[PDB]
Amino acid sequence: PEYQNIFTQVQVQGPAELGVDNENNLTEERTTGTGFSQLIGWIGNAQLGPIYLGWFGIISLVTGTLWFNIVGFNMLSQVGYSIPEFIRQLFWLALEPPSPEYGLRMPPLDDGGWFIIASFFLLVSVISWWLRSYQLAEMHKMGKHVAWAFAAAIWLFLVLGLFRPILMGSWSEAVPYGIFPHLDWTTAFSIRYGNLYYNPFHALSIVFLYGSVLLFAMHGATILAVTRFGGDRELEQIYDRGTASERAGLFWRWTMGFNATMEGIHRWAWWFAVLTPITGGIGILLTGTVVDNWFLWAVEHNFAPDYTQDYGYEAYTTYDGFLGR
Amino acid sequence: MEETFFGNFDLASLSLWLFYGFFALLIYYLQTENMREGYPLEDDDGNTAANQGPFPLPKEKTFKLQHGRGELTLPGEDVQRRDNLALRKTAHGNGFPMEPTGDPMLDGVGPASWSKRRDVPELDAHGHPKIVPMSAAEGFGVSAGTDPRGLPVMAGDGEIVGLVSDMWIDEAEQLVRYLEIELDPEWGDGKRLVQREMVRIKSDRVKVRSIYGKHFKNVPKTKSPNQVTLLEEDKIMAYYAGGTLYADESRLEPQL
Amino acid sequence: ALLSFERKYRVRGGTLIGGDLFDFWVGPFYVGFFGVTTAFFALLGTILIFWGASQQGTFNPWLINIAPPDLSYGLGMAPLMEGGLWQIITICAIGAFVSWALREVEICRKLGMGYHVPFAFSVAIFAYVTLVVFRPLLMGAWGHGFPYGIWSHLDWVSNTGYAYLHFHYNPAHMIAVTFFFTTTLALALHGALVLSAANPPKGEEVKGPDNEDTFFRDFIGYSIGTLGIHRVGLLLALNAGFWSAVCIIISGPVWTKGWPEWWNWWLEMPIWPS
Amino acid sequence: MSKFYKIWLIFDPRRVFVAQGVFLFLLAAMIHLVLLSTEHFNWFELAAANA
Amino acid sequence: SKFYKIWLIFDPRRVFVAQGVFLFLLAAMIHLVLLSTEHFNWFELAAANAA
Amino acid sequence: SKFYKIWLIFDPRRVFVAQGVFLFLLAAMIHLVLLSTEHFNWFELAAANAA
Amino acid sequence: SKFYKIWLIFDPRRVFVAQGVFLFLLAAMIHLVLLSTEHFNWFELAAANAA
Amino acid sequence: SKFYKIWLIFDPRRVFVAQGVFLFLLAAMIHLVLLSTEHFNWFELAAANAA
Amino acid sequence: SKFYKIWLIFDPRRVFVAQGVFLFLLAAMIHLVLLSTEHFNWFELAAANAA
Amino acid sequence: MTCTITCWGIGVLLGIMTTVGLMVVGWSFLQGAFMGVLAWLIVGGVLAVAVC
Amino acid sequence: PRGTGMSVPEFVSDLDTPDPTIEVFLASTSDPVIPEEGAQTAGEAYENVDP
Amino acid sequence: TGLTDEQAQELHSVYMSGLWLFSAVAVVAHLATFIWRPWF
Amino acid sequence: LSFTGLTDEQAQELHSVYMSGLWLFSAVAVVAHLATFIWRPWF
Amino acid sequence: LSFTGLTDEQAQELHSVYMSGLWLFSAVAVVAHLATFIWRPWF
Ligand code: BCL
Ligand code: BCL
Ligand SMILES: CC[C@H]1c2cc3[nH]c4c(c3C)C(=O)[C@H](C(=O)OC)c4c3nc(cc4[nH]c(cc(n2)[C@@H]1C)c(C(C)=O)c4C)[C@@H](C)[C@@H]3CCC(=O)OC/C=C(\C)CCC[C@H](C)CCC[C@H](C)CCCC(C)C
Ligand SMILES: CC[C@H]1c2cc3[nH]c4c(c3C)C(=O)[C@H](C(=O)OC)c4c3nc(cc4[nH]c(cc(n2)[C@@H]1C)c(C(C)=O)c4C)[C@@H](C)[C@@H]3CCC(=O)OC/C=C(\C)CCC[C@H](C)CCC[C@H](C)CCCC(C)C
Ligand SMILES: COC(C)(C)C(=O)/C=C/C(C)=C/C=C/C(C)=C/C=C/C(C)=C/C=C/C=C(C)/C=C/C=C(\C)CC/C=C(/C)CCC=C(C)C
Ligand SMILES: COC(C)(C)C(=O)/C=C/C(C)=C/C=C/C(C)=C/C=C/C(C)=C/C=C/C=C(C)/C=C/C=C(\C)CC/C=C(\C)CCC=C(C)C
Ligand SMILES: COC(C)(C)C(=O)/C=C/C(C)=C/C=C/C(C)=C/C=C/C(C)=C/C=C/C=C(C)/C=C/C=C(\C)CC/C=C(\C)CCC=C(C)C
Ligand SMILES: COC(C)(C)C(=O)/C=C/C(C)=C/C=C/C(C)=C/C=C/C(C)=C/C=C/C=C(C)/C=C/C=C(\C)CC/C=C(\C)CCC=C(C)C
Ligand SMILES: COC(C)(C)C(=O)/C=C/C(C)=C/C=C/C(C)=C/C=C/C(C)=C\C=C\C=C(C)\C=C\C=C(\C)CC/C=C(\C)CCC=C(C)C
Ligand SMILES: COC(C)(C)C(=O)\C=C/C(C)=C/C=C/C(C)=C/C=C/C(C)=C/C=C\C=C(C)\C=C\C=C(\C)CC/C=C(/C)CCC=C(C)C
Ligand SMILES: [Fe+3]
């Protein structure tokens, strides 16, 4: 069949691209160490180029390791320094938040005290990385959309572990640092406060989460469909619209009655992704601090469905009938 | 706070309606930002359409193009408009397909239609043209996959229309863009470019299925063999895609 | 109406079936043979929903609920108001979705572009198909499909999730969820790069592909490129749709116990000391 | 032993000093954390237990 | 014997950092293995001896 | 005998790195399977003795 | 007899690596198979033999 | 006796690699099938014979 | 029966590989269904004959 | 390529062989599959790099 | 209710397999013996019988 | 890119020779199986 | 005649070695099967 | 002849050193295994 531009069928490698520069002198803090991976080059660019290491980057990397190490050292000490048991229970162990009896006060180190310290380094690490994104955009003389989009993700990150626990008056409302435990927290959070499905902002966040994957499947497929017209070079299609932007627009205009531009697609792309944690952060912030039960909130506001059929299994079958005896 | 402002309208309900107002404003903002190109609507006859849509045109935004290419305000007269199109209306009304008046691939209409872009090469950060042949590119070479240079080129009908003499690369992104085809004298005269996205590279040959053997002699050429302008780029790429419908009557006619 | 550049693209041909009998445009929409069937199936399905809503007693969009039949009916047809209307709407919905995907094939064939979008939509159709017919077929009853309600179909997700005692422990759910949170990650950053490059601070020149290529090189040490992000981007979202289809088709037809119990293979491996 | 000064020919003093400093602090913090996790060498708990 | 030729093949800079991380990780791992055993946990034994 | 020609095929630096990684991993694996068995676990045997 | 011509087809560097990987994995797999059995597990026999 | 022309069609490098992979996989598969059966399982037979 | 005219329209590389795979898959399938039956399973039958 | 894919194909075949091999000697399908997945990634990855 | 998703999936093979201890109880239970008027009790027939 | 008349003449002869050789063993195997354990 | 570049005489020489290798592999397989049949027959 | 661009004389020099290291590594292993067998025999 026709070549679907999914994997590049021939790779060319030249001198490593060290990056652009201006009076801000980016090259001072760049590593100047490049490597080329032909495996990742099949789907994307093959150069593992140099990384700009500043002070926001180093502080974020160092403090993030401290949070990673403090969590890891606790988890290792939780199983009595048994490496085989630490690996076996790696997905089950965590650094549990403080007990609710301590409120917002500093708890003992074994009862969430190390959680606050590890959370303190994680908070510094995440904010420092955001500052790096803001500083890099300013030093690259581009817009701060990367930093602004990151701040939306941090908004849910801050609400989950910093803002809501403060508003709820207890550090116990934070999310445990575990693979399965933050899944258990996710399930327990929904159960504790009614049914988080009936949270309108959780529903709203799902709309933009579904829309984000829906759009970025649509945008990815549309660009790859028009990549035969140089559609992957979107920036040149913004300053000088080619047939790639015209056919991409006309495909969606003829399909659903309206379309976007090569630049306006990313505004839809940016805002749907950004609205996913923004609505989620609001929904989590309103959970417990305001509502404490969402299904009853749905019943009160008359959007919880009502069922007339019976509930027991005896109303539909028999135990012997199900067993086939 | 667990108190309702009125009836059952609490802080959670207030935030929901605040987002409804913001989203309605955002939808209006997003849709107008999508209308910087292509509007006013116009109709089949070319006159401005009576209907223009619920959303008004946005205020002009200005792009400061690099490499001394001037400014750019998207809401306005479109320099990419094509004139003297070789089409005729199949109906006196609106909403009906146009019938090409000649060779659709030669005239550049439909799937073969291009856009009147700038007649200058795309430039990278340094300033020199972005897409250059590997012969001109310094330090570049094949690192993975099959090298298409020297392999014969097979058309959509199985004809061998020449062999790949060189391939053009985007040295800024280290990506292959085109393949030069040294057209055989029985089929063509000189060198033609084919985009990498419409050619499938096999072990012993490169196959392009959109264009038959007899259509390579009419592929648009480049003014210079060292660079390709955005206009030549748009004409070359559109020609191959136009062959997906215009190579033979079977492709244009319904498959069932 | 048209666009400022639409006229040169509205050419005859590119249909899969029906030729020029349906080959015309109604407004901006393209009407094909599958645009005719889309109109029939979508309108019939939508009307039957409101017909079922009328007899249900409420027209509230939140409270509208067209539920599948009982599990006792098996794979056979049920009375139209005992779950049979859901079966017809499902047939109309499947016919509308397939026609919509096939209509997109005609549109992108007429524009001489790739068929990536109809293929990507087919994954979304497959995710719906595996939810409404494939999984009910494997489980032996049409009552296992989700109901057609804005909030009623959330109760089905909640009950089906807790039908395996903790649905987060589903290994395919973990893979599928990881793709959603990353697809939105890729969408946020990819949309940010193009916007940041095309909209620099006021009074400064716009940037080219190199500036965004070197930004995440300076940011995260690697940039996948302008073309690569759309290639990985389609794959990330398609895998999100595919693995979501997998996580629900193995919940009940392939796995009946709790999903935490699935991870017992890892816990009691012979290598782990007692 | 007396000729160990040649290690600075192999190693860049700038990056090794940074690596040594980060490792030395992480070692010091880790060992203190290990001591705090024990029931006998938690000097904070012993102070409370002694009063 | 005459094992000095290993540095003709191995880069001294790359091996020295490679063995530096390996030695500490091995030393840390073996120390942790001792801490996982009741008999060889010197921290828990001090508590028992003091009592 | 004549096995010295293996280095005309194998890159000495590419094999020595592979041999070093393989030998340690092989040594670690056998030490691990010994600890898995109750008879050859010298840490548990020491615990059993003098107790 | 004249099997030496297999090297005209197989690259000696390619086959040697593949053979080396195959032989160790085959040896490791067979060793692990014997440990799985309750009769040829020499580790468990020594525990039983020592009473 | 005219079967030698099969090599004019198939590249010896491709078929030999495929044959070697297939032959071992087939041999391993048959060996595993016997080990599944209770009769042709020489590992369990030795245990039964010794007892 | 000559029937050599069919080979003119066929690529020998493609048909031979497809037929070779098809024959083995067919042979394996018939061998698998025979083992599924309790009468023609020669592995289970051999156990019954011995006992 | 023509060699990395073959090495990848060799690894997945060995992963299936190790999957059924563990089931025969006991274990479980899921436990055996993980080692087969591990064998496919490790042996396939090592071969894809060691031999090219 | 239909459409709510409230259902319990179970394999028919699992459904067709009853509790393995059901027949064990059936093989150990027995019908009660109806006592007659003034029948002998276990307290007087045997010794050290709890009340 | 296609076969000549002469090329397919020898190819078919070899293929038939392989056909008879493969079938001859199969016929012998089926007869041996039928004697050992008939299915009719 | 050829598809992979080998000449007619080259394939004849290659086939002779391949058959000799095939017979050697089949010879030990026959011996291996014969020994197994004596140890534990399946007929 | 030499896929690594390494001379025959160099290869013999490299192997002689490598074998000397191999025997030294094996000599320690023999002593190590002898000590383990005395402490806890596995036969
Ligand atoms: C039983 C389970 C409950 C449930 C309980 C919750 C809870 C609890 C929450 C959600 C939330 C979310 N739910 Mg819900 N949810 C359920 C059912 C669903 C279903 C479904 C089909 O059934 C879906 C699709 C969703 C979907 C979603 C998303 C819309 C939303 C998360 C937003 C976001 O992007 O997060 C992504 C954001 C983050 C991951 C945090 C930001 C991370 C920071 C910025 C990154 C730091 C990185 C860190 C330093 C590590 C770096 C390491 C690197 C290697 C270096 N839920 C049911 C009802 N749901 C969230 C919400 O409410 O949003 C309003 C939330 O808190
Ligand atoms: C108790 C609840 C359990 C749970 C139980 C379930 C169940 C049950 C399911 C999921 C499924 C999903 N869950 Mg879960 N899941 C939970 C927690 C979560 C969380 C979280 C943060 O906590 C997240 C992110 C997710 C995420 C997800 C995704 C893996 C998936 C969502 C559906 C899908 O992909 O789309 C796929 C759906 C489609 C693509 C729709 C197709 C659309 C059609 C083709 C077009 C529609 C057109 C229509 C007519 C509109 C047109 C009208 C207008 C004209 C426009 N789950 C909790 C623990 N989860 C669902 C799934 O996988 O489905 C496959 C599933 O069934
Ligand atoms: C790769 C997977 C992702 C994906 C991709 C995807 N979806 C797509 C496409 C692509 C690539 C399109 O090209 C196509 C499109 O044009 O979108 C604008 C589309 C599309 N997917 C859509 C939405 C959508 N995508 C979703 C998700 C996803 N789709 C995934 C995240 C969801 C979810 C998660 O639920 C929804 C709701 C539509 C906007 C569009 C399909 C339009 C269509 O089918 O039109 C024909 C039909 C009608 C106009 C109405 C039919 C009505 C029926 C007859 C009756 C009702 C049936 C239905 C079951 C109702 C149930 C209601 C309750 C559940 C509330
Ligand atoms: C809401 C929409 C999506 C989103 C958006 C989003 N996330 C973002 C951004 C955006 C727009 C960024 O710009 C930013 C970024 O830089 O992305 C590349 C980011 C980001 N969000 C991330 C991930 C992420 N996104 C998530 C989700 C999402 N965020 C959605 C998919 C989630 C989930 C599901 O919660 C996560 C976990 C990060 C990759 C990145 C920024 C995080 C970051 O770098 O924080 C600083 C921390 C470190 C540098 C170190 C962390 C810890 C290390 C693992 C420790 C070191 C280990 C190592 C072994 C060393 C050991 C040493 C010792 C042995 C001594
Ligand atoms: C009454 O009491 C009685 C009964 C008496 C009693 O007490 C009984 C006690 C008894 C019997 C003692 C039983 C214990 C025994 C026996 C102890 C085992 C002893 C052991 C295990 C020996 C360790 C030495 C191993 C080394 C130290 C290797 C060093 C390895 C080197 C470092 C090589 C690696 C380095 C390289 C460079 C190679 C890599 C090459 C390239 C990379 C090219
Ligand atoms: C439970 O399921 C049950 C019920 C069982 C079931 O499904 C029933 C099964 C059913 C219905 C399937 C029916 C099977 C059928 C119909 C299969 C026919 C079988 C055939 C056709 C056998 C081909 C043999 C080909 C060889 C072995 C050639 C050998 C020749 C080779 C290839 C050498 C040729 C090469 C050269 C000469 C050199 C090249 C020459 C030149 C270059 C010149
Ligand atoms: C579950 O069900 C059960 C019942 C279990 C089941 O499946 C039953 C099993 C089933 C149905 C499998 C059917 C078996 C088949 C089909 C057997 C294929 C096996 C074959 C055909 C054996 C080839 C041997 C080839 C060698 C070993 C050559 C050696 C080559 C040597 C090494 C020489 C190489 C060197 C050269 C050539 C030199 C090059 C020359 C020049 C350069 C001049
Ligand atoms: C129950 O069973 C379980 C556990 C399941 C199981 O898997 C069983 C384990 C199984 C089956 C593994 C099978 C083990 C095998 C096969 C052992 C391989 C081990 C080998 C081969 C030993 C190499 C030693 C080489 C050295 C250490 C050389 C030293 C090199 C020296 C240092 C020289 C270096 C060079 C120079 C100094 C300069 C040279 C250069 C110039 C002269 C220029
Ligand atoms: C006293 O009591 C006694 C009597 C003992 C008793 O109990 C009764 C027992 C009795 C009677 C035994 C019954 C015998 C049985 C059940 C044996 C079945 C076995 C049979 C029938 C034959 C197998 C032979 C298989 C080969 C050896 C095939 C050779 C095929 C090879 C592998 C070539 C295939 C490959 C190609 C042609 C390559 C083509 C290439 C391309 C297409 C590219
Ligand atoms: C090999 O190396 C060694 C080292 C041995 C090792 O083990 C390596 C480490 C290993 C394996 C640990 C693996 C870590 C794992 C699995 C952790 C997963 C983590 C997960 C799922 C995160 C959940 C989400 C949590 C939120 C949402 C937080 C948000 C809270 C933020 C931070 C807000 C700030 C909070 C505060 C309280 C502020 C405190 C400040 C002051 C009070 C000033
Ligand atoms: Fe894009």
# chains A, B, ... in the order shown; residues from 1 in each chain; ligands from 1

call {"tool": "residues_around", "arguments": {"residues": "residue 80 of chain B", "least_positions_apart": "6", "cutoff": "9 Å", "atoms": "only C-alpha atoms", "output": "mmCIF file with N, CA, C and O atoms, in the first residue's frame"}}
result
data_model
loop_
_atom_site.group_PDB
_atom_site.id
_atom_site.type_symbol
_atom_site.label_atom_id
_atom_site.label_comp_id
_atom_site.auth_asym_id
_atom_site.auth_seq_id
_atom_site.Cartn_x
_atom_site.Cartn_y
_atom_site.Cartn_z
ATOM 1 N N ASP A 240 3.449 30.799 6.112
ATOM 2 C CA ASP A 240 3.118 30.731 4.690
ATOM 3 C C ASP A 240 2.282 29.473 4.478
ATOM 4 O O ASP A 240 2.833 28.375 4.355
ATOM 5 N N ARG A 241 0.964 29.641 4.437
ATOM 6 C CA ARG A 241 0.064 28.501 4.334
ATOM 7 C C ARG A 241 0.253 27.784 3.006
ATOM 8 O O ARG A 241 0.118 28.384 1.937
ATOM 9 N N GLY A 242 0.576 26.493 3.077
ATOM 10 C CA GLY A 242 0.649 25.647 1.909
ATOM 11 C C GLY A 242 -0.609 24.818 1.739
ATOM 12 O O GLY A 242 -1.604 24.986 2.444
ATOM 13 N N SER B 115 -0.629 25.549 -3.722
ATOM 14 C CA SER B 115 -0.930 26.873 -3.195
ATOM 15 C C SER B 115 0.211 27.819 -3.528
ATOM 16 O O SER B 115 1.380 27.424 -3.519
ATOM 17 N N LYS B 116 -0.134 29.072 -3.820
ATOM 18 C CA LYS B 116 0.841 30.069 -4.259
ATOM 19 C C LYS B 116 1.633 30.560 -3.052
ATOM 20 O O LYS B 116 1.429 31.660 -2.531
ATOM 21 N N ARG B 117 2.564 29.722 -2.603
ATOM 22 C CA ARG B 117 3.447 30.092 -1.510
ATOM 23 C C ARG B 117 4.539 31.029 -2.015
ATOM 24 O O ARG B 117 4.592 31.394 -3.193
ATOM 25 N N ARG B 118 5.425 31.433 -1.110
ATOM 26 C CA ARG B 118 6.552 32.271 -1.493
ATOM 27 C C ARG B 118 7.499 31.495 -2.396
ATOM 28 O O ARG B 118 7.745 30.305 -2.188
ATOM 29 N N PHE C 5 -10.002 29.287 -0.217
ATOM 30 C CA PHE C 5 -9.189 28.399 -1.036
ATOM 31 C C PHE C 5 -9.875 27.067 -1.313
ATOM 32 O O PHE C 5 -9.230 26.157 -1.848
#

call {"tool": "interface_residues", "arguments": {"of": "chain J", "to": "chain C", "cutoff": "12 Å", "atoms": "only C-alpha atoms", "output": "JSON list (two decimals) with N, CA and C atoms, in the first residue's frame"}}
result
[["chain", "number", "residue", "atom", "x", "y", "z"],
["J", 22, "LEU", "N", 8.92, -23.08, 31.59],
["J", 22, "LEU", "CA", 8.63, -22.90, 33.01],
["J", 22, "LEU", "C", 7.30, -23.54, 33.40],
["J", 25, "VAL", "N", 7.81, -27.31, 34.04],
["J", 25, "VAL", "CA", 8.52, -27.64, 35.28],
["J", 25, "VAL", "C", 7.77, -27.06, 36.47],
["J", 26, "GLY", "N", 6.52, -26.65, 36.25],
["J", 26, "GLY", "CA", 5.72, -26.07, 37.31],
["J", 26, "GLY", "C", 5.35, -24.63, 37.02],
["J", 27, "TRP", "N", 5.64, -23.74, 37.96],
["J", 27, "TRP", "CA", 5.46, -22.29, 37.78],
["J", 27, "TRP", "C", 4.01, -22.00, 37.40],
["J", 28, "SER", "N", 3.81, -21.00, 36.55],
["J", 28, "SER", "CA", 2.49, -20.64, 36.04],
["J", 28, "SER", "C", 2.68, -19.93, 34.72],
["J", 29, "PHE", "N", 1.59, -19.80, 33.96],
["J", 29, "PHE", "CA", 1.67, -19.14, 32.67],
["J", 29, "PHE", "C", 2.09, -17.68, 32.82],
["J", 30, "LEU", "N", 1.49, -16.97, 33.77],
["J", 30, "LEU", "CA", 1.83, -15.57, 33.97],
["J", 30, "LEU", "C", 3.26, -15.40, 34.48],
["J", 31, "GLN", "N", 3.68, -16.25, 35.43],
["J", 31, "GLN", "CA", 5.06, -16.21, 35.89],
["J", 31, "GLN", "C", 6.02, -16.59, 34.78],
["J", 32, "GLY", "N", 5.67, -17.60, 33.99],
["J", 32, "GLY", "CA", 6.51, -17.99, 32.87],
["J", 32, "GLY", "C", 6.56, -16.93, 31.78],
["J", 33, "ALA", "N", 5.42, -16.28, 31.52],
["J", 33, "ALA", "CA", 5.38, -15.26, 30.48],
["J", 33, "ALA", "C", 6.28, -14.07, 30.82],
["J", 34, "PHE", "N", 6.30, -13.68, 32.10],
["J", 34, "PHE", "CA", 7.15, -12.56, 32.51],
["J", 34, "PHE", "C", 8.62, -12.85, 32.25],
["J", 35, "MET", "N", 9.07, -14.06, 32.60],
["J", 35, "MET", "CA", 10.43, -14.45, 32.27],
["J", 35, "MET", "C", 10.63, -14.53, 30.77]]

call {"tool": "residues_around", "arguments": {"residues": "residue 9 of chain B", "least_positions_apart": "4", "cutoff": "12 Å", "atoms": "only C-alpha atoms", "output": "PyMOL selection string"}}
result
(chain A and resi 290-291+297+300-301) or (chain B and resi 2-5+13-17)

call {"tool": "write_last_selection", "arguments": {"atoms": "N, CA, C and O atoms", "output": "mmCIF file, in the first residue's frame"}}
result
data_model
loop_
_atom_site.group_PDB
_atom_site.id
_atom_site.type_symbol
_atom_site.label_atom_id
_atom_site.label_comp_id
_atom_site.auth_asym_id
_atom_site.auth_seq_id
_atom_site.Cartn_x
_atom_site.Cartn_y
_atom_site.Cartn_z
ATOM 1 N N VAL A 290 -15.880 21.337 50.799
ATOM 2 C CA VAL A 290 -17.214 21.869 50.554
ATOM 3 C C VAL A 290 -18.275 20.776 50.614
ATOM 4 O O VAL A 290 -19.274 20.904 51.326
ATOM 5 N N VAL A 291 -18.070 19.685 49.877
ATOM 6 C CA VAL A 291 -19.161 18.765 49.570
ATOM 7 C C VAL A 291 -19.201 17.564 50.511
ATOM 8 O O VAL A 291 -20.189 17.368 51.225
ATOM 9 N N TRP A 297 -24.890 15.033 46.400
ATOM 10 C CA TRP A 297 -24.902 16.302 45.682
ATOM 11 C C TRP A 297 -25.611 16.159 44.343
ATOM 12 O O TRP A 297 -26.360 17.050 43.927
ATOM 13 N N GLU A 300 -29.311 15.865 45.082
ATOM 14 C CA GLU A 300 -29.841 17.173 45.449
ATOM 15 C C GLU A 300 -30.042 18.055 44.224
ATOM 16 O O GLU A 300 -31.038 18.783 44.130
ATOM 17 N N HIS A 301 -29.112 18.005 43.275
ATOM 18 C CA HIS A 301 -29.181 18.826 42.075
ATOM 19 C C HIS A 301 -29.873 18.126 40.914
ATOM 20 O O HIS A 301 -29.907 18.678 39.810
ATOM 21 N N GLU B 2 -19.907 24.874 53.885
ATOM 22 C CA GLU B 2 -20.946 23.908 53.552
ATOM 23 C C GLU B 2 -22.332 24.539 53.472
ATOM 24 O O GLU B 2 -23.339 23.826 53.551
ATOM 25 N N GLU B 3 -22.409 25.854 53.311
ATOM 26 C CA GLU B 3 -23.681 26.555 53.234
ATOM 27 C C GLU B 3 -24.006 26.891 51.786
ATOM 28 O O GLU B 3 -23.109 27.160 50.981
ATOM 29 N N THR B 4 -25.292 26.857 51.453
ATOM 30 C CA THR B 4 -25.733 27.219 50.116
ATOM 31 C C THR B 4 -26.003 28.714 50.035
ATOM 32 O O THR B 4 -26.573 29.307 50.954
ATOM 33 N N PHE B 5 -25.577 29.324 48.929
ATOM 34 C CA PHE B 5 -25.858 30.739 48.715
ATOM 35 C C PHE B 5 -27.356 30.979 48.581
ATOM 36 O O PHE B 5 -27.907 31.904 49.189
ATOM 37 N N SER B 13 -21.307 24.596 43.225
ATOM 38 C CA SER B 13 -22.154 24.985 42.103
ATOM 39 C C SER B 13 -21.731 26.327 41.521
ATOM 40 O O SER B 13 -21.855 26.540 40.310
ATOM 41 N N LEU B 14 -21.242 27.243 42.361
ATOM 42 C CA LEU B 14 -20.782 28.534 41.860
ATOM 43 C C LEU B 14 -19.571 28.375 40.950
ATOM 44 O O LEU B 14 -19.488 29.018 39.899
ATOM 45 N N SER B 15 -18.622 27.521 41.339
ATOM 46 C CA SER B 15 -17.446 27.300 40.506
ATOM 47 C C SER B 15 -17.816 26.654 39.180
ATOM 48 O O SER B 15 -17.173 26.919 38.159
ATOM 49 N N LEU B 16 -18.840 25.798 39.176
ATOM 50 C CA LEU B 16 -19.268 25.160 37.937
ATOM 51 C C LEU B 16 -19.803 26.183 36.943
ATOM 52 O O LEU B 16 -19.483 26.125 35.751
ATOM 53 N N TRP B 17 -20.617 27.128 37.415
ATOM 54 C CA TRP B 17 -21.164 28.139 36.518
ATOM 55 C C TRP B 17 -20.114 29.164 36.118
ATOM 56 O O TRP B 17 -20.200 29.742 35.028
#

call {"tool": "atom_distance", "arguments": {"atom1": "atom CA of residue 40 of chain N", "atom2": "atom 11 (C, counted along the ligand's line) of ligand 5"}}
result
8.2 Å

call {"tool": "residues_near_ligand", "arguments": {"ligand": "ligand 1", "cutoff": "8 Å", "atoms": "only C-alpha atoms and all ligand atoms", "output": "MDAnalysis selection string"}}
result
(chainID A and resid 64 122 125:126 150:157 160 185:191 195:198 201:210 273 276:284) or (chainID C and resid 154 157:158 161 167:168 177 181 184)

call {"tool": "residues_around", "arguments": {"residues": "residue 7 of chain F", "least_positions_apart": "4", "cutoff": "7 Å", "atoms": "only C-alpha atoms", "output": "PDB file with N, CA and C atoms, in the first residue's frame"}}
result
ATOM      1  N   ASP F  11      36.457  -7.786  19.187  1.00  0.00           N
ATOM      2  CA  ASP F  11      37.095  -6.557  19.639  1.00  0.00           C
ATOM      3  C   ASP F  11      37.494  -6.713  21.100  1.00  0.00           C
ATOM      4  N   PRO F  12      38.775  -6.567  21.448  1.00  0.00           N
ATOM      5  CA  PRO F  12      39.179  -6.801  22.846  1.00  0.00           C
ATOM      6  C   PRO F  12      38.460  -5.917  23.850  1.00  0.00           C
TER       7      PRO F  12
ATOM      8  N   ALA N  11      47.744 -10.258  18.568  1.00  0.00           N
ATOM      9  CA  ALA N  11      46.734 -11.160  19.116  1.00  0.00           C
ATOM     10  C   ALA N  11      47.361 -12.212  20.019  1.00  0.00           C
TER      11      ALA N  11
END

call {"tool": "atom_distance", "arguments": {"atom1": "atom CA of residue 185 of chain B", "atom2": "atom CA of residue 109 of chain B"}}
result
27.9 Å

call {"tool": "select_by_dssp", "arguments": {"residues": "chain L", "states": "helix (DSSP H, G or I)", "output": "VMD selection string"}}
result
chain L and resid 5 to 36

call {"tool": "interface_residues", "arguments": {"of": "chain H", "to": "chain I", "cutoff": "12 Å", "atoms": "only C-alpha atoms", "output": "PyMOL selection string"}}
result
chain H and resi 5-11+14-15+18-19+22+26+29-30+33-41
